[PDB]
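*Asks:* Would you mind keeping the following structure in view while I ask a few things?
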Amino acid sequence: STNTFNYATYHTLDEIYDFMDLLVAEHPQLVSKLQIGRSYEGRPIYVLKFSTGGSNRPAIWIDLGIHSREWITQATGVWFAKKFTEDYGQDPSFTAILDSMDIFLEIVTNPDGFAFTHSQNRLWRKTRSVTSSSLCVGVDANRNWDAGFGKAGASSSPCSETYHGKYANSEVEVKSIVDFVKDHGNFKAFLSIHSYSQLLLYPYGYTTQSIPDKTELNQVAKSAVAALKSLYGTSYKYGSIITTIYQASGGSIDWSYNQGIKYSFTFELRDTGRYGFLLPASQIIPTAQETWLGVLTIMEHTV
Ligand SMILES: [Zn+2]
């Protein structure tokens with residue numbers, strides 16, 4: 001059962017997929033599993049929908065693991081999923097959110113890369129699509145979005161860690177989300193979960209242009225980082241992607257914000273470089289707990 005699932009360890013693709021089914025079976029009135037596409041290598045791509053009813057209620061999107069080696073993100077996603085089912089009907093604030101809004105949680109946004117990190121190369125980041133005119137495999141799926149696609153802050157070199165791919169939305173892992181979010185039409189928040197650096201970022205990455213909602217998103221981010229820090233003292237920086245970390249093009253929240261999804265944020269979770277992508281399992285639960293406080297704060301602002 002999800003009560004005996006080990007949240008303090010890293011899991012395989014199959015384990016996470018089986019966890020999804022267990023959670024849905026345990027909480028059939030709250031959680032359902034949606035297949036939003038198939039990966040390049042034909043694996044199902046799944047989103048958990050948390051809902052207490054209604055018809056396409058205002059929604060929060062959360063993607064985790066788009067960069068496959070960022071294992072703290074999938075592990076955080078699993079914890080989030082369980083936490084949602086525990087706190088609905090117990091925590092006043094979260095209960096208020098789910099009574100009026102739906103949450104769509106994509107724990108393994110890049111399943112082919114995730115499988116590869118378990119079977120072949122722990123440090124695999126990209127998708128597994130094969131570039132026809134190339135010995136190289138995969139695209140940086142967080143540089144493949146139709147937001148400043150192909151502009152400075154991504155690489156045109158197919159072997160690069162930061163390769164943007166041949167055209168915007170070339171990667172089915174990205175296009176699956178784009179289609180789902182567009183078809184849905186009522187997303188109000190869009191949160192992309194990454195590691196590492198301890199940053200909470202709002203748009204843009206591709207341009208120095210200030211978003212029209214900068215004052216608001218900046219204060220939301222300030223509040224969220226304070227909430228996150230309150231638990232273990234984990235210090236996050238916050239601001240626009242381009243001012244806070246680097247220019248980066250073809251990114252998820254730049255795309256979502258340009259669709260009119262106002263509360264668009266990217267979290268870069270622990271740490272700041274000591275372990276980097278190889279974050280010890282002993283930090284999974286503390287990371288998930290503090291990150292939840294930040295995420296819940298954003299959801300509260302979305303209302
Ligand atoms: Zn990342």
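The way I read the labels, and the way they are meant: chains A, B, ... in the order of the structure tokens, residue 1 as the first residue of every chain, and ligand 1 as the first ligand shown, with later ones counted on from there.
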Within 12 Å of ligand 1, counting only C-alpha atoms and all ligand atoms: which residues, as a PDB file with N, CA, C and O atoms, in the first residue's frame?
*Replies:*
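Output below, filename selection18.pdb:
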```
ATOM      1  N   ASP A  63       4.842  19.785 -13.196  1.00  0.00           N
ATOM      2  CA  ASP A  63       5.682  18.768 -13.863  1.00  0.00           C
ATOM      3  C   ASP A  63       6.935  18.537 -13.053  1.00  0.00           C
ATOM      4  O   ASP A  63       7.536  19.491 -12.554  1.00  0.00           O
ATOM      5  N   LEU A  64       7.300  17.265 -12.909  1.00  0.00           N
ATOM      6  CA  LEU A  64       8.549  16.884 -12.252  1.00  0.00           C
ATOM      7  C   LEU A  64       9.358  15.943 -13.161  1.00  0.00           C
ATOM      8  O   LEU A  64       8.799  15.260 -14.014  1.00  0.00           O
ATOM      9  N   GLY A  65      10.672  15.926 -13.004  1.00  0.00           N
ATOM     10  CA  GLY A  65      11.501  14.974 -13.732  1.00  0.00           C
ATOM     11  C   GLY A  65      11.622  15.198 -15.225  1.00  0.00           C
ATOM     12  O   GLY A  65      12.006  14.272 -15.951  1.00  0.00           O
ATOM     13  N   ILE A  66      11.361  16.412 -15.714  1.00  0.00           N
ATOM     14  CA  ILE A  66      11.582  16.619 -17.158  1.00  0.00           C
ATOM     15  C   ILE A  66      13.064  16.375 -17.514  1.00  0.00           C
ATOM     16  O   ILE A  66      13.362  15.892 -18.605  1.00  0.00           O
ATOM     17  N   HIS A  67      13.972  16.718 -16.591  1.00  0.00           N
ATOM     18  CA  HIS A  67      15.385  16.371 -16.728  1.00  0.00           C
ATOM     19  C   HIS A  67      15.578  15.112 -15.894  1.00  0.00           C
ATOM     20  O   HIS A  67      15.456  15.140 -14.663  1.00  0.00           O
ATOM     21  N   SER A  68      15.866  14.005 -16.570  1.00  0.00           N
ATOM     22  CA  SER A  68      15.689  12.703 -15.921  1.00  0.00           C
ATOM     23  C   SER A  68      16.576  12.475 -14.711  1.00  0.00           C
ATOM     24  O   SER A  68      16.146  11.849 -13.742  1.00  0.00           O
ATOM     25  N   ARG A  69      17.810  12.980 -14.748  1.00  0.00           N
ATOM     26  CA  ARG A  69      18.749  12.731 -13.648  1.00  0.00           C
ATOM     27  C   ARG A  69      18.454  13.521 -12.375  1.00  0.00           C
ATOM     28  O   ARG A  69      19.130  13.336 -11.348  1.00  0.00           O
ATOM     29  N   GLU A  70      17.445  14.393 -12.432  1.00  0.00           N
ATOM     30  CA  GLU A  70      17.102  15.216 -11.284  1.00  0.00           C
ATOM     31  C   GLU A  70      16.186  14.429 -10.366  1.00  0.00           C
ATOM     32  O   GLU A  70      15.041  14.794 -10.133  1.00  0.00           O
ATOM     33  N   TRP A  71      16.727  13.310  -9.861  1.00  0.00           N
ATOM     34  CA  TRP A  71      15.959  12.325  -9.089  1.00  0.00           C
ATOM     35  C   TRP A  71      15.200  12.877  -7.881  1.00  0.00           C
ATOM     36  O   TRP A  71      14.159  12.332  -7.476  1.00  0.00           O
ATOM     37  N   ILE A  72      15.702  13.955  -7.295  1.00  0.00           N
ATOM     38  CA  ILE A  72      15.004  14.527  -6.158  1.00  0.00           C
ATOM     39  C   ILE A  72      13.605  14.991  -6.569  1.00  0.00           C
ATOM     40  O   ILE A  72      12.682  15.032  -5.738  1.00  0.00           O
ATOM     41  N   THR A  73      13.436  15.296  -7.855  1.00  0.00           N
ATOM     42  CA  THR A  73      12.132  15.781  -8.314  1.00  0.00           C
ATOM     43  C   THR A  73      11.086  14.654  -8.395  1.00  0.00           C
ATOM     44  O   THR A  73       9.986  14.799  -7.862  1.00  0.00           O
ATOM     45  N   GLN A  74      11.416  13.532  -9.030  1.00  0.00           N
ATOM     46  CA  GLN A  74      10.438  12.433  -9.072  1.00  0.00           C
ATOM     47  C   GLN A  74      10.115  11.967  -7.651  1.00  0.00           C
ATOM     48  O   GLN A  74       8.952  11.685  -7.317  1.00  0.00           O
ATOM     49  N   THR A 109       8.011  13.169 -16.013  1.00  0.00           N
ATOM     50  CA  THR A 109       7.737  13.872 -17.260  1.00  0.00           C
ATOM     51  C   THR A 109       8.556  13.340 -18.443  1.00  0.00           C
ATOM     52  O   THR A 109       8.158  13.485 -19.603  1.00  0.00           O
ATOM     53  N   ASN A 110       9.683  12.703 -18.129  1.00  0.00           N
ATOM     54  CA  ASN A 110      10.604  12.152 -19.137  1.00  0.00           C
ATOM     55  C   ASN A 110      10.880  10.687 -18.777  1.00  0.00           C
ATOM     56  O   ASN A 110      11.922  10.374 -18.196  1.00  0.00           O
ATOM     57  N   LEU A 123      23.408   9.763 -14.972  1.00  0.00           N
ATOM     58  CA  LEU A 123      23.458  11.187 -15.255  1.00  0.00           C
ATOM     59  C   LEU A 123      22.725  11.586 -16.526  1.00  0.00           C
ATOM     60  O   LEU A 123      22.837  12.726 -16.959  1.00  0.00           O
ATOM     61  N   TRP A 124      21.958  10.665 -17.112  1.00  0.00           N
ATOM     62  CA  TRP A 124      21.215  11.024 -18.322  1.00  0.00           C
ATOM     63  C   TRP A 124      20.184  12.111 -18.000  1.00  0.00           C
ATOM     64  O   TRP A 124      19.468  11.993 -17.018  1.00  0.00           O
ATOM     65  N   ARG A 125      20.132  13.146 -18.838  1.00  0.00           N
ATOM     66  CA  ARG A 125      19.278  14.336 -18.639  1.00  0.00           C
ATOM     67  C   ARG A 125      18.164  14.453 -19.667  1.00  0.00           C
ATOM     68  O   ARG A 125      17.051  14.849 -19.339  1.00  0.00           O
ATOM     69  N   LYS A 126      18.504  14.151 -20.915  1.00  0.00           N
ATOM     70  CA  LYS A 126      17.664  14.476 -22.063  1.00  0.00           C
ATOM     71  C   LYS A 126      16.579  13.437 -22.305  1.00  0.00           C
ATOM     72  O   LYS A 126      16.448  12.468 -21.553  1.00  0.00           O
ATOM     73  N   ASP A 140      17.185  18.319 -24.737  1.00  0.00           N
ATOM     74  CA  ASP A 140      16.911  18.904 -23.427  1.00  0.00           C
ATOM     75  C   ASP A 140      15.451  19.311 -23.469  1.00  0.00           C
ATOM     76  O   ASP A 140      15.100  20.316 -24.105  1.00  0.00           O
ATOM     77  N   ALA A 141      14.582  18.537 -22.819  1.00  0.00           N
ATOM     78  CA  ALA A 141      13.148  18.794 -22.955  1.00  0.00           C
ATOM     79  C   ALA A 141      12.702  20.113 -22.305  1.00  0.00           C
ATOM     80  O   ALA A 141      11.577  20.571 -22.567  1.00  0.00           O
ATOM     81  N   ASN A 142      13.549  20.727 -21.469  1.00  0.00           N
ATOM     82  CA  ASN A 142      13.187  22.063 -20.975  1.00  0.00           C
ATOM     83  C   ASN A 142      13.835  23.187 -21.758  1.00  0.00           C
ATOM     84  O   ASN A 142      13.951  24.313 -21.270  1.00  0.00           O
ATOM     85  N   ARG A 143      14.237  22.881 -22.989  1.00  0.00           N
ATOM     86  CA  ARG A 143      14.646  23.914 -23.951  1.00  0.00           C
ATOM     87  C   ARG A 143      13.926  23.722 -25.284  1.00  0.00           C
ATOM     88  O   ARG A 143      14.277  24.355 -26.283  1.00  0.00           O
ATOM     89  N   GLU A 161      24.221  18.734 -23.732  1.00  0.00           N
ATOM     90  CA  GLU A 161      23.300  18.624 -22.603  1.00  0.00           C
ATOM     91  C   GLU A 161      22.118  19.576 -22.738  1.00  0.00           C
ATOM     92  O   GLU A 161      21.062  19.341 -22.156  1.00  0.00           O
ATOM     93  N   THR A 162      22.322  20.670 -23.481  1.00  0.00           N
ATOM     94  CA  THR A 162      21.342  21.743 -23.581  1.00  0.00           C
ATOM     95  C   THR A 162      20.796  21.878 -25.012  1.00  0.00           C
ATOM     96  O   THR A 162      20.314  22.947 -25.419  1.00  0.00           O
ATOM     97  N   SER A 192       7.016  24.034 -12.589  1.00  0.00           N
ATOM     98  CA  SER A 192       7.977  23.067 -13.117  1.00  0.00           C
ATOM     99  C   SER A 192       9.033  22.799 -12.070  1.00  0.00           C
ATOM    100  O   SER A 192       9.652  23.721 -11.567  1.00  0.00           O
ATOM    101  N   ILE A 193       9.240  21.528 -11.748  1.00  0.00           N
ATOM    102  CA  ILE A 193      10.111  21.153 -10.640  1.00  0.00           C
ATOM    103  C   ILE A 193      11.388  20.489 -11.158  1.00  0.00           C
ATOM    104  O   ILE A 193      11.349  19.493 -11.895  1.00  0.00           O
ATOM    105  N   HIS A 194      12.507  21.082 -10.748  1.00  0.00           N
ATOM    106  CA  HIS A 194      13.830  20.758 -11.222  1.00  0.00           C
ATOM    107  C   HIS A 194      14.787  20.645 -10.044  1.00  0.00           C
ATOM    108  O   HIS A 194      14.453  21.008  -8.916  1.00  0.00           O
ATOM    109  N   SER A 195      15.995  20.182 -10.327  1.00  0.00           N
ATOM    110  CA  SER A 195      17.126  20.439  -9.427  1.00  0.00           C
ATOM    111  C   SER A 195      18.367  20.686 -10.286  1.00  0.00           C
ATOM    112  O   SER A 195      18.362  20.341 -11.475  1.00  0.00           O
ATOM    113  N   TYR A 196      19.424  21.285  -9.737  1.00  0.00           N
ATOM    114  CA  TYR A 196      19.530  21.781  -8.367  1.00  0.00           C
ATOM    115  C   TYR A 196      19.924  23.255  -8.454  1.00  0.00           C
ATOM    116  O   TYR A 196      20.335  23.732  -9.532  1.00  0.00           O
ATOM    117  N   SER A 197      19.808  23.947  -7.322  1.00  0.00           N
ATOM    118  CA  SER A 197      20.376  25.288  -7.088  1.00  0.00           C
ATOM    119  C   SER A 197      19.689  26.035  -5.945  1.00  0.00           C
ATOM    120  O   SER A 197      20.200  27.058  -5.486  1.00  0.00           O
ATOM    121  N   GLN A 198      18.508  25.567  -5.519  1.00  0.00           N
ATOM    122  CA  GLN A 198      17.725  26.265  -4.488  1.00  0.00           C
ATOM    123  C   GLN A 198      17.288  27.648  -4.975  1.00  0.00           C
ATOM    124  O   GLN A 198      17.667  28.690  -4.426  1.00  0.00           O
ATOM    125  N   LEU A 199      16.457  27.623  -6.014  1.00  0.00           N
ATOM    126  CA  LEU A 199      15.933  28.817  -6.641  1.00  0.00           C
ATOM    127  C   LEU A 199      14.438  28.650  -6.855  1.00  0.00           C
ATOM    128  O   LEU A 199      13.953  27.536  -7.127  1.00  0.00           O
ATOM    129  N   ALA A 248      18.040  31.303 -20.624  1.00  0.00           N
ATOM    130  CA  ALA A 248      17.697  29.943 -21.032  1.00  0.00           C
ATOM    131  C   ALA A 248      16.467  30.033 -21.899  1.00  0.00           C
ATOM    132  O   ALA A 248      15.494  30.664 -21.509  1.00  0.00           O
ATOM    133  N   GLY A 251      11.908  27.293 -22.621  1.00  0.00           N
ATOM    134  CA  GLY A 251      11.526  26.752 -21.305  1.00  0.00           C
ATOM    135  C   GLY A 251      10.034  26.724 -20.979  1.00  0.00           C
ATOM    136  O   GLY A 251       9.238  27.519 -21.505  1.00  0.00           O
ATOM    137  N   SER A 252       9.673  25.810 -20.078  1.00  0.00           N
ATOM    138  CA  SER A 252       8.277  25.458 -19.792  1.00  0.00           C
ATOM    139  C   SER A 252       7.468  26.634 -19.267  1.00  0.00           C
ATOM    140  O   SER A 252       6.384  26.922 -19.788  1.00  0.00           O
ATOM    141  N   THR A 266       9.283  28.062 -11.746  1.00  0.00           N
ATOM    142  CA  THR A 266      10.175  26.912 -11.750  1.00  0.00           C
ATOM    143  C   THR A 266      10.917  26.844 -10.429  1.00  0.00           C
ATOM    144  O   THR A 266      11.503  27.833  -9.984  1.00  0.00           O
ATOM    145  N   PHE A 267      10.863  25.675  -9.797  1.00  0.00           N
ATOM    146  CA  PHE A 267      11.637  25.402  -8.589  1.00  0.00           C
ATOM    147  C   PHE A 267      12.890  24.645  -9.006  1.00  0.00           C
ATOM    148  O   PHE A 267      12.797  23.646  -9.729  1.00  0.00           O
ATOM    149  N   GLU A 268      14.053  25.104  -8.524  1.00  0.00           N
ATOM    150  CA  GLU A 268      15.271  24.320  -8.583  1.00  0.00           C
ATOM    151  C   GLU A 268      15.562  23.892  -7.155  1.00  0.00           C
ATOM    152  O   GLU A 268      15.914  24.704  -6.310  1.00  0.00           O
ATOM    153  N   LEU A 269      15.376  22.608  -6.888  1.00  0.00           N
ATOM    154  CA  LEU A 269      15.443  22.103  -5.523  1.00  0.00           C
ATOM    155  C   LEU A 269      16.891  21.963  -5.027  1.00  0.00           C
ATOM    156  O   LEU A 269      17.835  22.395  -5.694  1.00  0.00           O
ATOM    157  N   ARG A 270      17.056  21.359  -3.852  1.00  0.00           N
ATOM    158  CA  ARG A 270      18.387  21.144  -3.270  1.00  0.00           C
ATOM    159  C   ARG A 270      19.292  20.358  -4.200  1.00  0.00           C
ATOM    160  O   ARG A 270      18.796  19.584  -5.007  1.00  0.00           O
ATOM    161  N   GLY A 276      24.751  18.112  -5.900  1.00  0.00           N
ATOM    162  CA  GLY A 276      24.214  18.406  -7.232  1.00  0.00           C
ATOM    163  C   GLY A 276      23.042  17.485  -7.532  1.00  0.00           C
ATOM    164  O   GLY A 276      22.104  17.390  -6.738  1.00  0.00           O
ATOM    165  N   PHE A 277      23.104  16.804  -8.673  1.00  0.00           N
ATOM    166  CA  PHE A 277      22.048  15.869  -9.079  1.00  0.00           C
ATOM    167  C   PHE A 277      22.022  14.588  -8.265  1.00  0.00           C
ATOM    168  O   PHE A 277      21.009  13.879  -8.251  1.00  0.00           O
TER     169      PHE A 277
END
```
*Asks:* List the spatial neighbours of stretch 31-44 of chain A as a PyMOL selection string - criterion: any atom at most 7 Å away, only C-alpha atoms, same-chain residues fewer than 6 positions off excluded.
*Replies:* chain A and resi 24+50-51+111-112+128-129+172-173+176+180
*Asks:* With a distance cut-off of 10 Å and only C-alpha atoms, select the neighbouring residues of stretch 293-297 of chain A, excluding the residue or stretch itself and same-chain residues fewer than 2 positions from it, and output the selection as a PyMOL selection string.
*Replies:* chain A and resi 62+80+93-94+97+191+200+220-231+265+267+288-291+299-303
*Asks:* Atoms to include: N, CA, C and O atoms. Write the selected residues as a compact mmCIF listing (two decimals), in the first residue's frame.
*Replies:*
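Once written, out-v2.txt looks like this:
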```txt
# COMPACT_ATOMS: atom_id res chain seq x y z
N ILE A 62 1.68 20.69 -12.34
CA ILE A 62 3.00 20.50 -11.75
C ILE A 62 3.73 19.42 -12.54
O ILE A 62 3.29 18.27 -12.55
N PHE A 80 4.55 14.29 -2.74
CA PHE A 80 3.45 15.23 -2.98
C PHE A 80 2.13 14.47 -3.18
O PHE A 80 1.12 14.80 -2.56
N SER A 93 -6.20 24.81 4.71
CA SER A 93 -5.80 25.48 3.48
C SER A 93 -5.83 24.57 2.26
O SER A 93 -6.42 24.92 1.23
N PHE A 94 -5.19 23.41 2.37
CA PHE A 94 -5.15 22.51 1.22
C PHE A 94 -6.55 21.99 0.86
O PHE A 94 -6.86 21.81 -0.33
N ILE A 97 -8.19 24.54 -1.20
CA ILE A 97 -7.69 24.52 -2.58
C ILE A 97 -8.38 23.43 -3.38
O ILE A 97 -8.96 23.72 -4.43
N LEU A 191 3.68 24.88 -12.54
CA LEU A 191 4.89 24.79 -11.71
C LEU A 191 5.78 23.68 -12.25
O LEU A 191 5.33 22.54 -12.38
N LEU A 200 13.71 29.76 -6.72
CA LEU A 200 12.32 29.81 -7.14
C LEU A 200 12.25 30.91 -8.18
O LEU A 200 12.49 32.09 -7.89
N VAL A 220 4.94 36.79 -4.58
CA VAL A 220 4.50 35.39 -4.36
C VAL A 220 5.73 34.53 -4.12
O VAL A 220 5.78 33.72 -3.18
N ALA A 221 6.74 34.73 -4.95
CA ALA A 221 7.97 33.96 -4.83
C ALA A 221 8.65 34.24 -3.48
O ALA A 221 9.13 33.34 -2.83
N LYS A 222 8.67 35.50 -3.07
CA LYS A 222 9.24 35.86 -1.77
C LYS A 222 8.53 35.12 -0.65
O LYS A 222 9.17 34.56 0.25
N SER A 223 7.19 35.12 -0.69
CA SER A 223 6.40 34.45 0.33
C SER A 223 6.64 32.94 0.34
O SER A 223 6.78 32.32 1.40
N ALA A 224 6.70 32.36 -0.86
CA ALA A 224 6.89 30.92 -1.02
C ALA A 224 8.26 30.48 -0.48
O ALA A 224 8.36 29.45 0.19
N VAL A 225 9.30 31.25 -0.79
CA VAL A 225 10.65 30.97 -0.30
C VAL A 225 10.74 31.11 1.24
O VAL A 225 11.41 30.31 1.90
N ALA A 226 10.03 32.10 1.79
CA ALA A 226 9.98 32.24 3.25
C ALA A 226 9.32 31.00 3.88
O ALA A 226 9.85 30.42 4.84
N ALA A 227 8.20 30.56 3.31
CA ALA A 227 7.49 29.37 3.79
C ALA A 227 8.39 28.13 3.72
O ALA A 227 8.54 27.37 4.69
N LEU A 228 9.04 27.95 2.58
CA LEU A 228 9.97 26.85 2.39
C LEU A 228 11.08 26.89 3.44
O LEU A 228 11.35 25.88 4.10
N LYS A 229 11.69 28.07 3.62
CA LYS A 229 12.80 28.22 4.57
C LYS A 229 12.37 27.94 6.02
O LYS A 229 13.20 27.51 6.83
N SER A 230 11.10 28.17 6.34
CA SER A 230 10.62 28.10 7.73
C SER A 230 10.79 26.73 8.37
O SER A 230 10.80 26.60 9.61
N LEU A 231 10.90 25.69 7.55
CA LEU A 231 10.94 24.33 8.06
C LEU A 231 12.34 23.90 8.49
O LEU A 231 12.53 23.45 9.63
N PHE A 265 5.92 29.20 -12.35
CA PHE A 265 7.16 29.20 -11.58
C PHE A 265 7.96 27.92 -11.78
O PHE A 265 7.40 26.84 -11.93
N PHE A 267 10.86 25.68 -9.80
CA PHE A 267 11.64 25.40 -8.59
C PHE A 267 12.89 24.64 -9.01
O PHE A 267 12.80 23.65 -9.73
N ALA A 288 11.16 17.29 0.19
CA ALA A 288 9.76 17.26 -0.22
C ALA A 288 8.89 18.10 0.74
O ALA A 288 8.03 18.88 0.30
N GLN A 289 9.13 17.95 2.04
CA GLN A 289 8.37 18.69 3.03
C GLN A 289 8.49 20.20 2.85
O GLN A 289 7.48 20.91 2.84
N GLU A 290 9.71 20.70 2.74
CA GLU A 290 9.90 22.15 2.64
C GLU A 290 9.36 22.66 1.31
O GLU A 290 8.72 23.72 1.23
N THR A 291 9.58 21.88 0.25
CA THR A 291 9.13 22.28 -1.09
C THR A 291 7.60 22.36 -1.11
O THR A 291 7.05 23.29 -1.67
N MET A 299 -0.10 27.95 -4.46
CA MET A 299 -1.48 27.54 -4.64
C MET A 299 -2.47 28.43 -3.89
O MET A 299 -3.55 28.75 -4.42
N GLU A 300 -2.10 28.82 -2.68
CA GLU A 300 -2.94 29.72 -1.87
C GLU A 300 -3.15 31.04 -2.58
O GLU A 300 -4.27 31.59 -2.56
N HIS A 301 -2.10 31.54 -3.22
CA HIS A 301 -2.19 32.80 -3.95
C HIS A 301 -3.05 32.65 -5.19
O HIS A 301 -3.77 33.58 -5.58
N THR A 302 -3.00 31.47 -5.81
CA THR A 302 -3.82 31.18 -6.99
C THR A 302 -5.30 31.09 -6.60
O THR A 302 -6.17 31.45 -7.39
N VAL A 303 -5.54 30.62 -5.36
CA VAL A 303 -6.83 30.61 -4.60
C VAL A 303 -7.77 29.42 -4.80
O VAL A 303 -8.38 28.93 -3.83
```
*Asks:* Assign secondary structure with DSSP using the backbone only, and return the residues of stretch 124-248 of chain A in helix (DSSP H, G or I) as an MDAnalysis selection string.
*Replies:* chainID A and resid 172:184 214:232 241:244
*Asks:* May I have the residues from that selection written out with N, CA and C atoms, as a short mmCIF file (atom, residue, chain, number, x, y, z; two decimals), in the first residue's frame?
*Replies:*
```cif
data_model
loop_
_atom_site.label_atom_id
_atom_site.label_comp_id
_atom_site.auth_asym_id
_atom_site.auth_seq_id
_atom_site.Cartn_x
_atom_site.Cartn_y
_atom_site.Cartn_z
N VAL A 172 7.84 14.58 -27.92
CA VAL A 172 6.47 14.21 -27.55
C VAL A 172 6.23 14.41 -26.04
N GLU A 173 7.28 14.32 -25.24
CA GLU A 173 7.16 14.55 -23.80
C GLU A 173 6.72 15.99 -23.49
N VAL A 174 7.17 16.91 -24.34
CA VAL A 174 6.82 18.33 -24.20
C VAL A 174 5.47 18.58 -24.84
N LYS A 175 5.32 18.13 -26.09
CA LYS A 175 4.07 18.35 -26.83
C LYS A 175 2.85 17.75 -26.09
N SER A 176 3.04 16.61 -25.43
CA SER A 176 1.96 16.00 -24.63
C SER A 176 1.42 16.97 -23.58
N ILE A 177 2.32 17.71 -22.92
CA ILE A 177 1.91 18.66 -21.89
C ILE A 177 1.24 19.87 -22.55
N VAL A 178 1.87 20.38 -23.60
CA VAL A 178 1.33 21.52 -24.35
C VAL A 178 -0.12 21.24 -24.77
N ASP A 179 -0.33 20.09 -25.39
CA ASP A 179 -1.67 19.73 -25.88
C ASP A 179 -2.66 19.61 -24.72
N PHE A 180 -2.25 18.95 -23.64
CA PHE A 180 -3.14 18.73 -22.51
C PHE A 180 -3.56 20.05 -21.88
N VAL A 181 -2.59 20.92 -21.68
CA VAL A 181 -2.82 22.21 -21.04
C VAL A 181 -3.68 23.11 -21.94
N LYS A 182 -3.40 23.10 -23.24
CA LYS A 182 -4.23 23.86 -24.18
C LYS A 182 -5.65 23.31 -24.30
N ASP A 183 -5.78 21.99 -24.43
CA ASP A 183 -7.11 21.37 -24.51
C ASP A 183 -7.92 21.69 -23.26
N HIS A 184 -7.26 21.64 -22.10
CA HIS A 184 -7.94 21.86 -20.80
C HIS A 184 -8.52 23.26 -20.73
N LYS A 214 5.24 41.11 -12.91
CA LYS A 214 6.48 40.92 -12.17
C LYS A 214 6.34 41.26 -10.68
N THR A 215 5.74 42.40 -10.37
CA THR A 215 5.58 42.77 -8.96
C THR A 215 4.87 41.66 -8.16
N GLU A 216 3.75 41.18 -8.70
CA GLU A 216 2.96 40.12 -8.06
C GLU A 216 3.74 38.82 -7.93
N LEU A 217 4.28 38.33 -9.04
CA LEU A 217 4.98 37.05 -8.99
C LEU A 217 6.22 37.13 -8.10
N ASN A 218 6.88 38.28 -8.09
CA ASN A 218 8.05 38.45 -7.25
C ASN A 218 7.68 38.31 -5.76
N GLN A 219 6.56 38.93 -5.37
CA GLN A 219 6.13 38.83 -3.96
C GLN A 219 5.63 37.42 -3.63
N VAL A 220 4.94 36.79 -4.58
CA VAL A 220 4.50 35.39 -4.36
C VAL A 220 5.73 34.53 -4.12
N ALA A 221 6.74 34.73 -4.95
CA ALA A 221 7.97 33.96 -4.83
C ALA A 221 8.65 34.24 -3.48
N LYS A 222 8.67 35.50 -3.07
CA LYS A 222 9.24 35.86 -1.77
C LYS A 222 8.53 35.12 -0.65
N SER A 223 7.19 35.12 -0.69
CA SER A 223 6.40 34.45 0.33
C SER A 223 6.64 32.94 0.34
N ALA A 224 6.70 32.36 -0.86
CA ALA A 224 6.89 30.92 -1.02
C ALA A 224 8.26 30.48 -0.48
N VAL A 225 9.30 31.25 -0.79
CA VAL A 225 10.65 30.97 -0.30
C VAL A 225 10.74 31.11 1.24
N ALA A 226 10.03 32.10 1.79
CA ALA A 226 9.98 32.24 3.25
C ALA A 226 9.32 31.00 3.88
N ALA A 227 8.20 30.56 3.31
CA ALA A 227 7.49 29.37 3.79
C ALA A 227 8.39 28.13 3.72
N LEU A 228 9.04 27.95 2.58
CA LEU A 228 9.97 26.85 2.39
C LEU A 228 11.08 26.89 3.44
N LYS A 229 11.69 28.07 3.62
CA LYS A 229 12.80 28.22 4.57
C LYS A 229 12.37 27.94 6.02
N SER A 230 11.10 28.17 6.34
CA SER A 230 10.62 28.10 7.73
C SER A 230 10.79 26.73 8.37
N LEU A 231 10.90 25.69 7.55
CA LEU A 231 10.94 24.33 8.06
C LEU A 231 12.34 23.90 8.49
N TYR A 232 13.33 24.04 7.60
CA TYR A 232 14.68 23.56 7.89
C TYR A 232 15.75 24.64 7.70
N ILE A 241 14.09 33.93 -14.23
CA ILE A 241 15.15 32.97 -14.61
C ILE A 241 16.42 33.70 -15.09
N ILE A 242 16.25 34.62 -16.03
CA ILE A 242 17.40 35.24 -16.71
C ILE A 242 18.24 36.09 -15.76
N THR A 243 17.59 36.75 -14.80
CA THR A 243 18.35 37.59 -13.85
C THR A 243 18.97 36.79 -12.71
N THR A 244 18.41 35.62 -12.42
CA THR A 244 18.75 34.92 -11.19
C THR A 244 19.74 33.78 -11.42
#
```
*Asks:* Contacts of residue A:157 at 10 Å or less, counting only C-alpha atoms, minus same-chain residues fewer than 6 places along, as a ChimeraX atom specification?
*Replies:* /A:134,136,139,163-165
*Asks:* I need the strand (DSSP E or B) residues of stretch 63-163 of chain A per DSSP on the backbone, written as a ChimeraX atom specification.
*Replies:* /A:63-64,102-106,130,137,155,163
*Asks:* For those residues, write N, CA and C atoms to a file as a short mmCIF file (atom, residue, chain, number, x, y, z; two decimals), in the first residue's frame.
*Replies:*
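Heads up, here's the output in result.cif:
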```cif
data_model
loop_
_atom_site.label_atom_id
_atom_site.label_comp_id
_atom_site.auth_asym_id
_atom_site.auth_seq_id
_atom_site.Cartn_x
_atom_site.Cartn_y
_atom_site.Cartn_z
N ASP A 63 4.84 19.79 -13.20
CA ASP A 63 5.68 18.77 -13.86
C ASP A 63 6.93 18.54 -13.05
N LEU A 64 7.30 17.27 -12.91
CA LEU A 64 8.55 16.88 -12.25
C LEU A 64 9.36 15.94 -13.16
N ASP A 102 -8.42 21.86 -9.23
CA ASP A 102 -7.85 20.55 -9.49
C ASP A 102 -6.35 20.68 -9.56
N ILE A 103 -5.64 19.60 -9.24
CA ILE A 103 -4.19 19.58 -9.38
C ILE A 103 -3.81 18.46 -10.35
N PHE A 104 -2.95 18.76 -11.32
CA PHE A 104 -2.46 17.75 -12.25
C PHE A 104 -0.98 17.61 -12.01
N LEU A 105 -0.57 16.41 -11.58
CA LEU A 105 0.78 16.16 -11.11
C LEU A 105 1.45 15.15 -12.04
N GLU A 106 2.52 15.56 -12.73
CA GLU A 106 3.21 14.65 -13.65
C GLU A 106 4.55 14.29 -13.03
N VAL A 130 15.97 9.90 -31.30
CA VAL A 130 17.21 9.77 -32.07
C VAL A 130 17.28 10.73 -33.23
N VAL A 137 21.96 11.23 -29.06
CA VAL A 137 20.59 10.92 -28.66
C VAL A 137 20.05 11.99 -27.73
N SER A 155 21.43 25.16 -26.96
CA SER A 155 22.45 24.73 -27.93
C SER A 155 21.84 24.10 -29.17
N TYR A 163 20.85 20.78 -25.77
CA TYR A 163 20.35 20.77 -27.14
C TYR A 163 18.85 21.04 -27.18
#
```
